[PDB]
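Presented below, as structure tokens, is a lone chain in the form deposited in one PDB entry.
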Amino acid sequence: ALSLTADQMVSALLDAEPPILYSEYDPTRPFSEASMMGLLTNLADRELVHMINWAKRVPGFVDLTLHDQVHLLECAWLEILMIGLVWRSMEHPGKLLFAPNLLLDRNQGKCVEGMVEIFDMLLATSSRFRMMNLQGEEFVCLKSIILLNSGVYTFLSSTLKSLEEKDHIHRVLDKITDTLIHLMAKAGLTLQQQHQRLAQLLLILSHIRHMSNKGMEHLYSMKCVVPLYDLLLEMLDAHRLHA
């Protein structure tokens, strides 16, 4: 991923974008009958498959070992889901667009114990993105930095192959950084506004980590088996027979 221009990275990234999925409940039946967490859980599960495919199309991600790819995803999947939710809810003040047929507001989160607290953080993130006028080209860069950054510091020990992995990841990170600055420059930002905006975007990533951590806390004590590792492994370790 370190020979691709800023322009090839952005195009590679927009190309790789996953689809928008729909929630699965009969829209002919009433809403008092559906488990919101079941509806949200089931939505999240189906996105995971598409996330795995997206990640293989991120420049540099497949040059990694299968084990490392599983590690990065196992660390970042909730942050990745959450930055996607915030981005599609941007133009929907006061509401989170889980799916086009599932637009939920703050009181709708009160339905499940301790959830409105997560909602409130997600909605405020969305608010910030709106206010910053985050662009679609910038968002794809952000989402890819989260995939690459979130588990780089928790690789177990550090064998020689482990060291090259980390080196490789940091070099893809630098390239996406080059790409953000490039996108900002092309949009006519002064040098100063550039570094400033880069920093405001990257600091947002610290709030998303926060919501994910909080989110895992809340999930770990609900209904929503195989380790997530093992399931990620099966999904990523695919054959090439279907070529």
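The first residue of the shown sequence is 1; numbering continues from there. If you superpose the two forms and keep the largest set of C-alpha atoms that fall within 1.5 Å, you have the rigid core.
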{"query": "Count class of deposited residues lacking coordinates, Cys224 to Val225", "finding": "1 to 3"}
{"query": "Mean temperature factor over C-alpha atoms, higher-scoring stretch between 28-36 and 65-73", "finding": "28-36"}
{"query": "Given 51-59 and 204-212, the range whose Cα B-factors average higher in the PDB entry", "finding": "51-59"}
{"query": "Identity of residue with top Cα B-factor, from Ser162, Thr125, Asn149, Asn101", "finding": "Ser162"}
{"query": "Where the record places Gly114 (Cα B-factor, split into thirds across the chain)", "finding": "highest"}
{"query": "Among modelled residues of the same chain, the CA temperature factor third for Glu91", "finding": "highest"}
{"query": "Entry-reported Cα temperature factor of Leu21, expressed as the chain third it lands in", "finding": "lowest"}
{"query": "B-factor third for the C-alpha atom of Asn133 within its chain", "finding": "middle"}
{"query": "Among modelled residues of the same chain, the CA temperature factor third for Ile169", "finding": "middle"}
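Although it is not shown, the form solved in complex with a partner chain is what the next lines describe.
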item	value
Every residue of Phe31, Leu39 and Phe98 near the partner chain in the entry with it bound, heavy atom within 4.5 Å	no
Contact label in the entry with it bound: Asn53 to the partner chain, heavy atom within 4.5 Å	yes
Threshold 2 Å Cα movement between this form and the one not shown at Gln192, rigid core reference	no
Is_shifted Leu156 between this form and the one not shown (CA, 2 Å cut-off, rigid core)	yes
Rigid core superposition, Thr28 Cα moves 2 angstroms or more between this form and the one not shown	yes
